[PDB]
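A short write-up of the structure that comes next.
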Number of protein chains: 2
Amino acid sequence: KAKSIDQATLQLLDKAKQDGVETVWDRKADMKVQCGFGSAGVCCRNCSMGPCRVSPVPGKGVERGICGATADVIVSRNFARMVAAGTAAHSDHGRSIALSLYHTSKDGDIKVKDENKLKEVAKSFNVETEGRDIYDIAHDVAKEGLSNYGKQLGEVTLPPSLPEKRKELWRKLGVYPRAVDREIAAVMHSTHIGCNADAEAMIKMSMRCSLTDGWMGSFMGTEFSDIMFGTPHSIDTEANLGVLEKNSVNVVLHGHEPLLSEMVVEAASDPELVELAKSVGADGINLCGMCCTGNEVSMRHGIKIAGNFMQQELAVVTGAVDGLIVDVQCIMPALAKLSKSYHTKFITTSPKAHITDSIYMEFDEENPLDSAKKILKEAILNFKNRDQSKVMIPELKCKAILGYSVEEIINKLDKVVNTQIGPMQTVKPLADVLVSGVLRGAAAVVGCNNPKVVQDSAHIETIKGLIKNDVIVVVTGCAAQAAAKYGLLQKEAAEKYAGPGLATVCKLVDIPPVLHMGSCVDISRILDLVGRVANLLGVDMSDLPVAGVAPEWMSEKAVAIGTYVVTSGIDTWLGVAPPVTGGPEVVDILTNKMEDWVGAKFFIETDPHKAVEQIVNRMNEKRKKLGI
Amino acid sequence: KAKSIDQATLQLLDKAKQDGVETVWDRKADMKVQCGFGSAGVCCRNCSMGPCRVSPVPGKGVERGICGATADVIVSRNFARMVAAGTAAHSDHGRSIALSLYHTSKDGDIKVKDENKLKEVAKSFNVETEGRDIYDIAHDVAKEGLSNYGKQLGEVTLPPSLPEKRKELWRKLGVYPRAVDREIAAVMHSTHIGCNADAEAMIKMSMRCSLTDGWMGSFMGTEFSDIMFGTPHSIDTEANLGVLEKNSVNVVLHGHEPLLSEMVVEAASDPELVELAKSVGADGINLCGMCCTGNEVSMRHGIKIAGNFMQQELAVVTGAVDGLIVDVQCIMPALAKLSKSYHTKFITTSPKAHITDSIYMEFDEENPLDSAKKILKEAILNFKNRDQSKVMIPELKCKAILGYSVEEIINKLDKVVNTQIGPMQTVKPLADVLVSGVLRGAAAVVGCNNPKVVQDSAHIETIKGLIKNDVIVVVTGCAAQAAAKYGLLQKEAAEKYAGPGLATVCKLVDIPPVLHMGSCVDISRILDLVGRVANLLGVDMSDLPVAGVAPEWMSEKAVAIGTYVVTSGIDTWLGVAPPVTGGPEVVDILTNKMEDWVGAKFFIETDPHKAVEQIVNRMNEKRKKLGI
Ligand code: SF4
Ligand code: SF4
Ligand code: SF4
């Protein structure tokens, strides 16, 4: 089968074959037929009595592990641990952001750039703002956010966009969230040998844990990032590997933590570093981003996006990356080995993400700007080691428009508001187009790449099908970057791919049919948007014609995201089967019984066209339930 | 191979074969040859690009996972997740204890029974005590303990017995602990795909996480349990399955959390329940404990111990267990199936541990005594369903002495203190016998059973070898219960098994050669003891001739325990190989490089006699280093 639908990706794969280096596709081929027990989730290693593998087919073979655990128990515990790991990644990101907020000052490297957003957040956290210094408010807000992570007494703080009905449903179900780290610890405790051996209770614990990601960790990370670095607005950028410059220093920012990439962007305008780039024979400094850190700097500053997850290696294969600076998460360790075949300096910066044989330059949060400057200086000085005979940058780049935060979307919707009617600054125009049926619904396309799927194929096919069916699409993460590379993040795309209702809406509001809402933590924005719509219509989020899709997901973070999206009341389609087919009870809970609990459920569909059809049918069913 | 060295265990295995019921041994046999990849730790399932298996033999076969992770990376992440799971189990136990402390009242079900212990703990937590109400002090202490779990700013609180040198070494190494749930979340975050791919850093993160178990979670759980339920003192009890009564109601308490078992013990003396037991035709109520909850109620009240981990099923096989009340952890789910073959009521009580097809009676912490009375009444009423023709109780039980908390040990040591010299109430006599060489050292024997080892064989052989070599032995958990069943927890055992120096010490102090220090969380007591000795000698804990042994461990909790014991500076022998042989770098870190970091290291030895020899040699070389 084809490795990708992206032509630049294919050219660089040919180059990597010529250079004798191996990619993620080569390692996937080397893995051959993957273990059936692990693929079905019926393998357990939770204690040293094991490893235990039970039959994925009930009634045949070994039925129980040594402790007596059934296939359903093993599957449910494995699924819960995936959710806990994803929640941990997102919560650690949000915790770093909250600590950065706590360390803001007027004359420091980290300031408050959006005071209005900070005051609204302070209102949401019961922090007084009138007649107060802005940094005192910021510190109080950071304290409340940090308490959300580890409070042992009392209730956590949740955003006002979350409907009261959803909160009450969670409380009745027993999944109402506690402090984030406490829920992660609870999930890890209940999967220990000889604890929870009941699939339904295990799934409910995992949902409870995922809620602390969706509504607390990711939400606080996003809102505090907006406070410190600015709320995203409509902004132009370029996407795909063609953004690399042969005649300039190329600095590629990979990872998820935004403070480092923000400081690197600021350092790139330093006169001394620009002069140094000129002195090593380069035209200038060309910052490019990848994955979620690329999404953040692109949403807030228009930094060009070099590529998504499965392109990271190919970025090095060009031979033009002088410095690859990585913080945490979704950083293929093979990059270190790959960097030996080129001049590239592979720089790790976080104590959480040491990588063997990489150059470690710890990013100092006490002096973020100076630390970013020294890291960037190492990248710039590496330009002298460039071998221009090994350089091949495909001439394939695509224009994209992004920056669609909830605030930006509301500002855009204000155009189609009659002044004599109003109100202004609400999601009411979006609610109106959804209720009238001009738009059939809204769908979030999120997730990673996965060698099991032709890279970016499922993302593009799902998005095109949805917008052709007058479903407005919001995108995050690597799916958003696939849309950017393909050319869907363009106003012209409305008349090229969208159906009649969505084309009319795009023309009236002057937006692309596909709205890039940011990184994987920025999925919280999607929740926020949906919540607002629900609160405007006086219904729960499970009554709306909305859906989420993860066509090509790979990470534990994706599992946690899908779990909290379903738990919030939004049906989720998974384009890659999770390792649960071995447990019939777990499959039945996730795809059938979940609808009785939270009004939504998982859909597993590896065919994107069938997924689009199912999404449209489900949205029409919910519309008929709602009367619209 | 023999299944056990215990004769009562063998008789009940014959009965289980005659009854056509499966045991843990039968399921272990059914599992046959366990997966080599999982056994070596070279299998990874951390993302849905996998499952990935790399060769346990370097230089052959597949070398890297799909993301590029090496065998060392996969092994180190798997080990770190085991540590995180064990830390989560212990920390959740301690968190429940702290919450119970927070709800103590003068006229409530949960009171303060050891005010002196509470005042000393309050001193350790910087809580004022002079001229204050005892329950105000208790609530402040509980608040400080709870803050240890989830504080995001500042430093955690550690017991005064921990040497300053050990803390400084931890700070220099980068493993100084943070809040417990924060460290669990950090480990889970760094094992996520594309985060940490460096074995040394991964092992250091796991050590940092395990410290929050050893010195914060388990320590606080133990000390708060002492405050609420009484400090253990020397007390007599009986051990092994013979403690069951044919003519009495048999109520078996299995699990770890002590509040439920304490309330059940209190409810058993209720006049209405005793009258009900008489009216259902029984002579009375016979409470028996298993595993750690049995250890707690036995340490504090002399409740008879029915058996350790791999005996739990056999307790039901007798046909005499009218009620089996379980809370969390090390509860084989197969019990639910097994109790169908008998009249036994298998009662789950904790929302953390639901077991399918068991009778769920949620233990209400708000009204603990009434809830315990209701559960106990269900067990008593089940006596009418006893089938006395199916009853077979082995006439095999053994006298044991336990209750050796640090306070009790100090009280015993006061006997050999010359009044004209002093001081009293210190560990000084123990330090003196260790320094003089009358005792060669002290060894902690802890851990579970494991079907991979003849049950209780390794525990007994290791303990007998150590005490024969004049090494005083402290025991916890299932190892302590194996010693109890065998008969080592007896004063007579001193003249039957101990060497000359240990026999003299036992005669002078009037103690058994093997000291039962309580449950698995009570391993913190061992730490406390060692710390005191170190603080009395002005040395670090790694300079002492001390060791820990886990001859037959199975649980993730055991992994976390061994990790924090080694990190504290105490060499640890493992009688069951952990899944790390696939990663040569991880093996080298755990067994060789750890000594450079923390002055102690792991020893993997499956032969108990060889383990005793190695322990004696290591203790002698540490003595020669210390000059004693
Ligand atoms: S999933 Fe289990 S059975 Fe399959 S290779 Fe991995 S450890 Fe072995
Ligand atoms: S927890 Fe149970 S099923 Fe899992 S490895 Fe241990 S004995 Fe086997
Ligand atoms: S994290 Fe890497 S090694 Fe582990 S399953 Fe995913 S791709 Fe394979």
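Each chain in the structure tokens gets a letter, A, B, ..., in the order shown, and its residues are numbered from 1; ligands are numbered from 1 in order too.
Every residue of region 255-383 of chain A with a DSSP assignment of strand (DSSP E or B), taken from the backbone, is listed as residues 285, 286, 287, 288, 289, 290, 304, 305, 306, 307, 323, 324, 325, 326, 345, 346, 347, 348, 355, 359 and 360 of chain A.
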Using only C-alpha atoms, please write the residues we just selected to a file, as a PDB file, in the first residue's frame.
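Once everything was written out, this is again-v3.pdb:
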```pdb
ATOM      1  CA  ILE A 285      16.539  32.482  10.743  1.00  0.00           C
ATOM      2  CA  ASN A 286      13.612  30.346   9.561  1.00  0.00           C
ATOM      3  CA  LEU A 287      11.588  28.960  12.467  1.00  0.00           C
ATOM      4  CA  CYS A 288       9.260  26.089  11.565  1.00  0.00           C
ATOM      5  CA  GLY A 289       6.992  24.148  13.904  1.00  0.00           C
ATOM      6  CA  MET A 290       5.823  20.542  14.032  1.00  0.00           C
ATOM      7  CA  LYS A 304       5.101  28.061   9.386  1.00  0.00           C
ATOM      8  CA  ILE A 305       4.154  24.434  10.067  1.00  0.00           C
ATOM      9  CA  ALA A 306       6.727  21.977   8.750  1.00  0.00           C
ATOM     10  CA  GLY A 307       4.573  18.859   9.304  1.00  0.00           C
ATOM     11  CA  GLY A 323      18.560  22.520  14.839  1.00  0.00           C
ATOM     12  CA  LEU A 324      15.651  20.344  15.960  1.00  0.00           C
ATOM     13  CA  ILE A 325      14.524  21.512  19.412  1.00  0.00           C
ATOM     14  CA  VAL A 326      12.148  19.148  21.238  1.00  0.00           C
ATOM     15  CA  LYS A 345      21.660  19.086  16.138  1.00  0.00           C
ATOM     16  CA  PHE A 346      18.909  17.180  17.973  1.00  0.00           C
ATOM     17  CA  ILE A 347      18.370  19.149  21.195  1.00  0.00           C
ATOM     18  CA  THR A 348      16.308  17.885  24.125  1.00  0.00           C
ATOM     19  CA  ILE A 355      16.597  10.985  24.890  1.00  0.00           C
ATOM     20  CA  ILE A 359      22.267  16.985  22.913  1.00  0.00           C
ATOM     21  CA  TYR A 360      20.683  17.967  26.227  1.00  0.00           C
TER      22      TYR A 360
END
```
Give the residue list for ligand 3 at 10 Å, counting only C-alpha atoms and all ligand atoms, as a JSON list (two decimals) with C-alpha atoms, in the first residue's frame, sorted by chain and then by residue number.
```
[["chain", "number", "residue", "atom", "x", "y", "z"],
["A", 24, "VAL", "CA", 8.68, 4.78, 10.94],
["A", 27, "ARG", "CA", 10.12, -0.12, 11.40],
["A", 28, "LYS", "CA", 6.41, -0.87, 11.01],
["A", 31, "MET", "CA", 7.49, -5.47, 13.09],
["A", 38, "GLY", "CA", -1.75, -7.51, 22.58],
["A", 330, "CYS", "CA", 5.28, 12.45, 20.38],
["A", 332, "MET", "CA", 10.12, 9.70, 18.03],
["A", 333, "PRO", "CA", 13.32, 8.53, 19.80],
["A", 334, "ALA", "CA", 14.60, 7.26, 16.45],
["A", 450, "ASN", "CA", -0.65, 5.89, 12.45],
["A", 451, "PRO", "CA", 1.36, 3.61, 10.10],
["A", 554, "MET", "CA", -2.07, 6.48, 17.91],
["A", 555, "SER", "CA", -1.40, 8.02, 21.35],
["A", 556, "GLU", "CA", -2.72, 7.37, 24.84],
["B", 42, "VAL", "CA", 10.84, -6.22, 25.75],
["B", 43, "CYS", "CA", 7.15, -5.98, 24.75],
["B", 44, "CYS", "CA", 5.55, -2.54, 24.53],
["B", 45, "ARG", "CA", 1.90, -1.54, 24.20],
["B", 46, "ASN", "CA", 2.13, 2.13, 25.17],
["B", 47, "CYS", "CA", 0.53, 3.33, 21.91],
["B", 48, "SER", "CA", -1.75, 1.94, 19.21],
["B", 49, "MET", "CA", 1.05, 1.95, 16.64],
["B", 50, "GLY", "CA", 2.07, -1.19, 18.56],
["B", 51, "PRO", "CA", 2.09, -3.78, 20.03],
["B", 52, "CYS", "CA", 5.89, -3.82, 19.56],
["B", 53, "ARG", "CA", 8.25, -6.59, 20.61],
["B", 54, "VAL", "CA", 11.99, -6.26, 20.26],
["B", 64, "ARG", "CA", 13.48, -1.05, 17.88],
["B", 65, "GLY", "CA", 9.77, -0.50, 18.26],
["B", 66, "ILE", "CA", 7.87, 1.37, 15.57],
["B", 67, "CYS", "CA", 8.55, 4.76, 17.20],
["B", 68, "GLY", "CA", 12.25, 3.80, 17.42],
["B", 69, "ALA", "CA", 12.36, 2.88, 21.13],
["B", 70, "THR", "CA", 15.16, 0.46, 22.07],
["B", 71, "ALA", "CA", 14.91, -2.58, 24.30],
["B", 73, "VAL", "CA", 13.75, 2.16, 26.69],
["B", 74, "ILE", "CA", 10.90, -0.38, 26.60],
["B", 77, "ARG", "CA", 9.30, 2.34, 30.87],
["B", 78, "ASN", "CA", 7.68, -0.98, 31.83],
["B", 191, "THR", "CA", 6.37, 6.77, 29.80],
["B", 192, "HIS", "CA", 3.95, 8.14, 27.13],
["B", 193, "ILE", "CA", 4.97, 7.52, 23.51],
["B", 194, "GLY", "CA", 7.68, 9.91, 22.42],
["B", 195, "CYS", "CA", 8.62, 11.28, 25.85],
["B", 197, "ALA", "CA", 13.83, 7.39, 25.90]]
```
Which of these residues is nearest to chain A, using only C-alpha atoms: B:625, B:106, B:354, B:459?
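Nearest to chain A: B:354.
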With only C-alpha atoms as the counted atoms, please give the residues lying no more than 9 Å from residue 126 (chain B), apart from itself and same-chain residues fewer than 4 positions off, as JSON, numbers by chain.
{"B": [121, 122, 141, 144]}
Would you pick out the contacts of region 396-412 of chain B at 8 Å or less, using only C-alpha atoms, so that residues sharing its chain but fewer than 6 positions from it are not included, and give the list as an mmCIF file with N, CA, C and O atoms, in the first residue's frame?
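Wrote it out as around_20.cif, contents follow:
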```cif
data_model
loop_
_atom_site.group_PDB
_atom_site.id
_atom_site.type_symbol
_atom_site.label_atom_id
_atom_site.label_comp_id
_atom_site.auth_asym_id
_atom_site.auth_seq_id
_atom_site.Cartn_x
_atom_site.Cartn_y
_atom_site.Cartn_z
ATOM 1 N N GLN B 7 1.654 -28.049 55.255
ATOM 2 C CA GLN B 7 0.858 -29.273 55.212
ATOM 3 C C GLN B 7 -0.637 -28.977 55.113
ATOM 4 O O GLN B 7 -1.360 -29.666 54.384
ATOM 5 N N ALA B 8 -1.122 -27.953 55.821
ATOM 6 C CA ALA B 8 -2.535 -27.591 55.712
ATOM 7 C C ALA B 8 -2.881 -27.166 54.288
ATOM 8 O O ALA B 8 -3.937 -27.541 53.753
ATOM 9 N N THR B 231 -1.173 1.978 68.883
ATOM 10 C CA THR B 231 0.154 1.495 68.518
ATOM 11 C C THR B 231 0.266 0.013 68.875
ATOM 12 O O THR B 231 -0.098 -0.374 69.990
ATOM 13 N N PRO B 232 0.724 -0.848 67.960
ATOM 14 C CA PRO B 232 0.842 -2.280 68.286
ATOM 15 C C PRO B 232 1.848 -2.521 69.400
ATOM 16 O O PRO B 232 2.867 -1.834 69.506
ATOM 17 N N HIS B 233 1.555 -3.512 70.238
ATOM 18 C CA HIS B 233 2.483 -3.990 71.247
ATOM 19 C C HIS B 233 2.534 -5.509 71.152
ATOM 20 O O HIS B 233 1.712 -6.131 70.474
ATOM 21 N N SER B 234 3.502 -6.109 71.840
ATOM 22 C CA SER B 234 3.679 -7.556 71.765
ATOM 23 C C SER B 234 2.385 -8.242 72.182
ATOM 24 O O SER B 234 1.785 -7.903 73.207
ATOM 25 N N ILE B 235 1.921 -9.168 71.342
ATOM 26 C CA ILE B 235 0.628 -9.813 71.513
ATOM 27 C C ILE B 235 0.690 -11.203 70.896
ATOM 28 O O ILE B 235 1.377 -11.431 69.896
ATOM 29 N N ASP B 236 -0.041 -12.140 71.498
ATOM 30 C CA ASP B 236 -0.115 -13.517 71.032
ATOM 31 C C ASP B 236 -1.269 -13.696 70.048
ATOM 32 O O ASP B 236 -2.289 -13.005 70.123
ATOM 33 N N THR B 237 -1.103 -14.642 69.130
ATOM 34 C CA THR B 237 -2.159 -14.978 68.184
ATOM 35 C C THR B 237 -1.908 -16.394 67.681
ATOM 36 O O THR B 237 -0.945 -17.052 68.080
ATOM 37 N N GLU B 238 -2.809 -16.873 66.832
ATOM 38 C CA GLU B 238 -2.674 -18.157 66.163
ATOM 39 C C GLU B 238 -2.739 -17.953 64.660
ATOM 40 O O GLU B 238 -3.375 -17.016 64.172
ATOM 41 N N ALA B 239 -2.056 -18.825 63.924
ATOM 42 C CA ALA B 239 -1.905 -18.668 62.486
ATOM 43 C C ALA B 239 -2.197 -19.994 61.794
ATOM 44 O O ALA B 239 -2.121 -21.064 62.397
ATOM 45 N N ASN B 240 -2.504 -19.886 60.495
ATOM 46 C CA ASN B 240 -2.804 -20.961 59.547
ATOM 47 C C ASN B 240 -4.276 -21.376 59.566
ATOM 48 O O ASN B 240 -5.034 -20.987 60.458
ATOM 49 N N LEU B 241 -4.685 -22.176 58.569
ATOM 50 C CA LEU B 241 -6.107 -22.412 58.314
ATOM 51 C C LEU B 241 -6.814 -23.152 59.436
ATOM 52 O O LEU B 241 -8.048 -23.111 59.500
ATOM 53 N N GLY B 242 -6.068 -23.770 60.347
ATOM 54 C CA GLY B 242 -6.672 -24.479 61.455
ATOM 55 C C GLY B 242 -7.447 -23.582 62.397
ATOM 56 O O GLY B 242 -8.252 -24.083 63.185
ATOM 57 N N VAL B 243 -7.252 -22.264 62.313
ATOM 58 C CA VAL B 243 -7.957 -21.344 63.196
ATOM 59 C C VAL B 243 -9.453 -21.276 62.909
ATOM 60 O O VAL B 243 -10.204 -20.750 63.733
ATOM 61 N N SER B 298 -4.425 -8.348 63.550
ATOM 62 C CA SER B 298 -3.651 -9.245 64.404
ATOM 63 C C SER B 298 -2.608 -8.485 65.216
ATOM 64 O O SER B 298 -2.444 -8.735 66.416
ATOM 65 N N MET B 299 -1.949 -7.498 64.608
ATOM 66 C CA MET B 299 -0.984 -6.677 65.335
ATOM 67 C C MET B 299 -1.658 -5.908 66.459
ATOM 68 O O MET B 299 -1.084 -5.744 67.543
ATOM 69 N N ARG B 300 -2.881 -5.425 66.231
ATOM 70 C CA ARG B 300 -3.520 -4.555 67.215
ATOM 71 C C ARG B 300 -4.486 -5.257 68.161
ATOM 72 O O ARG B 300 -4.786 -4.707 69.225
ATOM 73 N N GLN B 425 14.590 4.572 76.311
ATOM 74 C CA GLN B 425 13.692 4.854 75.192
ATOM 75 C C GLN B 425 14.444 5.304 73.936
ATOM 76 O O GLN B 425 14.072 6.274 73.273
ATOM 77 N N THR B 426 15.504 4.572 73.591
ATOM 78 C CA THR B 426 16.246 4.784 72.356
ATOM 79 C C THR B 426 16.499 3.430 71.702
ATOM 80 O O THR B 426 16.211 2.373 72.271
ATOM 81 N N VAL B 427 17.064 3.464 70.500
ATOM 82 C CA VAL B 427 17.434 2.249 69.785
ATOM 83 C C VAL B 427 18.890 1.926 70.109
ATOM 84 O O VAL B 427 19.501 1.047 69.495
ATOM 85 N N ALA B 484 4.789 -16.953 60.599
ATOM 86 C CA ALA B 484 3.825 -17.284 61.648
ATOM 87 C C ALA B 484 3.321 -18.714 61.516
ATOM 88 O O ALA B 484 3.319 -19.478 62.485
ATOM 89 N N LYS B 485 2.956 -19.115 60.300
ATOM 90 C CA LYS B 485 2.460 -20.471 60.093
ATOM 91 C C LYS B 485 3.537 -21.494 60.406
ATOM 92 O O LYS B 485 3.261 -22.540 61.000
ATOM 93 N N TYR B 486 4.773 -21.198 60.027
ATOM 94 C CA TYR B 486 5.836 -22.167 60.242
ATOM 95 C C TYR B 486 6.204 -22.324 61.715
ATOM 96 O O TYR B 486 6.609 -23.415 62.127
ATOM 97 N N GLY B 487 6.070 -21.276 62.523
ATOM 98 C CA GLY B 487 6.446 -21.332 63.920
ATOM 99 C C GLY B 487 7.673 -20.534 64.297
ATOM 100 O O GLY B 487 8.196 -20.725 65.399
ATOM 101 N N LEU B 488 8.155 -19.654 63.420
ATOM 102 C CA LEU B 488 9.325 -18.839 63.716
ATOM 103 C C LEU B 488 9.025 -17.683 64.661
ATOM 104 O O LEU B 488 9.942 -17.194 65.327
ATOM 105 N N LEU B 489 7.771 -17.238 64.732
ATOM 106 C CA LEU B 489 7.358 -16.123 65.583
ATOM 107 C C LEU B 489 7.121 -16.628 67.006
ATOM 108 O O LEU B 489 6.038 -16.450 67.571
ATOM 109 N N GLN B 490 8.127 -17.279 67.580
ATOM 110 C CA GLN B 490 8.054 -17.846 68.917
ATOM 111 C C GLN B 490 9.380 -17.615 69.628
ATOM 112 O O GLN B 490 10.448 -17.656 69.014
ATOM 113 N N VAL B 509 16.803 -9.881 75.647
ATOM 114 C CA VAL B 509 15.701 -8.952 75.404
ATOM 115 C C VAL B 509 14.344 -9.628 75.523
ATOM 116 O O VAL B 509 13.319 -8.931 75.593
ATOM 117 N N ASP B 510 14.294 -10.959 75.560
ATOM 118 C CA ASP B 510 13.041 -11.712 75.651
ATOM 119 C C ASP B 510 12.144 -11.440 74.435
ATOM 120 O O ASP B 510 10.984 -11.045 74.563
ATOM 121 N N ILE B 511 12.700 -11.678 73.257
ATOM 122 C CA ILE B 511 11.985 -11.515 71.986
ATOM 123 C C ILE B 511 12.233 -12.746 71.128
ATOM 124 O O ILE B 511 13.240 -13.450 71.299
ATOM 125 N N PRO B 512 11.337 -13.030 70.187
ATOM 126 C CA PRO B 512 11.639 -14.061 69.180
ATOM 127 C C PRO B 512 12.732 -13.574 68.246
ATOM 128 O O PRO B 512 12.986 -12.364 68.162
ATOM 129 N N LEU B 515 10.882 -10.743 64.125
ATOM 130 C CA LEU B 515 9.983 -9.730 64.665
ATOM 131 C C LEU B 515 8.965 -9.339 63.601
ATOM 132 O O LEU B 515 9.332 -8.787 62.559
ATOM 133 N N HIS B 516 7.690 -9.605 63.872
ATOM 134 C CA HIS B 516 6.616 -9.257 62.950
ATOM 135 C C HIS B 516 6.268 -7.781 63.118
ATOM 136 O O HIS B 516 5.660 -7.389 64.121
ATOM 137 N N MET B 517 6.632 -6.952 62.136
ATOM 138 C CA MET B 517 6.419 -5.516 62.239
ATOM 139 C C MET B 517 5.139 -5.040 61.549
ATOM 140 O O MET B 517 4.886 -3.833 61.520
ATOM 141 N N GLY B 518 4.319 -5.945 61.008
ATOM 142 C CA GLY B 518 2.989 -5.581 60.557
ATOM 143 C C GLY B 518 2.777 -5.847 59.071
ATOM 144 O O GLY B 518 3.275 -6.829 58.515
ATOM 145 N N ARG B 525 7.700 1.343 59.049
ATOM 146 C CA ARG B 525 8.299 1.166 60.373
ATOM 147 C C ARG B 525 9.752 0.719 60.261
ATOM 148 O O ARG B 525 10.612 1.176 61.012
ATOM 149 N N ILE B 526 10.017 -0.265 59.390
ATOM 150 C CA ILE B 526 11.385 -0.743 59.197
ATOM 151 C C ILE B 526 12.281 0.419 58.812
ATOM 152 O O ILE B 526 13.351 0.619 59.390
ATOM 153 N N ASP B 528 11.794 3.532 59.431
ATOM 154 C CA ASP B 528 11.920 4.331 60.644
ATOM 155 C C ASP B 528 13.009 3.764 61.543
ATOM 156 O O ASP B 528 13.931 4.480 61.947
ATOM 157 N N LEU B 529 12.928 2.464 61.843
ATOM 158 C CA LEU B 529 13.914 1.825 62.710
ATOM 159 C C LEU B 529 15.321 2.040 62.174
ATOM 160 O O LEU B 529 16.220 2.483 62.907
#
```
Per residue of region 570-601 of chain A within 12 Å of region 434-448 of chain A, record the nearest atom pair and its distance in Å to one decimal, counting only C-alpha atoms, with rows in chain order and ascending residue number, as CSV.
```
residue,atom,partner,partner_atom,distance
A:570,CA,A:443,CA,9.7
A:571,CA,A:443,CA,9.8
A:572,CA,A:444,CA,9.2
A:573,CA,A:445,CA,9.5
A:574,CA,A:447,CA,9.5
A:575,CA,A:447,CA,9.6
A:576,CA,A:447,CA,10.4
```
Pick out the closest residue to ligand 2 from this set: A:606, A:124, A:76, A:388. Count only C-alpha atoms and all ligand atoms.
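Selected residue with least distance to ligand 2: A:76.
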Work out how far apart CA of residue 218 (chain B) and CA of residue 75 (chain A) are and give it in Å to one decimal.
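CA of residue 75 (chain A) lies at a distance of 29.6 Å from CA of residue 218 (chain B).
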Identify, on the basis of only C-alpha atoms, every residue whose closest approach to residue 588 (chain B) does not exceed 12 Å; exclude the query and any residue fewer than 3 positions from it along the same chain; express the result as a list in words.
residues 72, 76, 199, 200, 203, 580, 581, 582, 583, 584, 585, 591, 592, 593, 594, 595, 596, 601, 602, 603 and 604 of chain B
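The two atoms in question, CA of residue 362 (chain A) and CA of residue 566 (chain B), are spaced 27.9 Å apart.
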Which residues come within 12 Å of residue 176 (chain B), counting only C-alpha atoms, excluding same-chain residues fewer than 6 positions away, as a list in words?
residues 155, 156, 157, 158, 166, 167, 168, 169, 170, 183, 204, 205, 206, 207, 208, 209, 210, 211, 212, 215, 564, 567, 568 and 598 of chain B
Name the residues in contact with residue 456 (chain B) at a cut-off of 8 Å, using only C-alpha atoms, excluding same-chain residues fewer than 5 positions from it; report them as a PyMOL selection string.
chain B and resi 4-6+449+479+482+552
Quick one: of B:452, B:114, B:15, B:244, who's nearest to ligand 2, counting only C-alpha atoms and all ligand atoms?
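Between B:452, B:114, B:15, B:244, the residue approaching ligand 2 most closely is B:452.
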Using only C-alpha atoms and all ligand atoms for the distances, tell me which of B:579, B:217, B:531, B:20 is nearest to ligand 1.
B:579
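Distances here use only C-alpha atoms; by that measure, the residue among B:2, B:280, B:338, B:265 closest to chain A is B:338.
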Could you find all residues in region 365-589 of chain B that DSSP calls helix (DSSP H, G or I) from the backbone, and write them as number ranges by chain?
B: 368-385, 388-390, 406-416, 428-436, 457-468, 477-486, 492-497, 500-509, 523-537, 541-543, 556-567, 584-589
Which is closest to ligand 2 among B:250, B:329, B:563, B:457, if we use only C-alpha atoms and all ligand atoms?
B:329
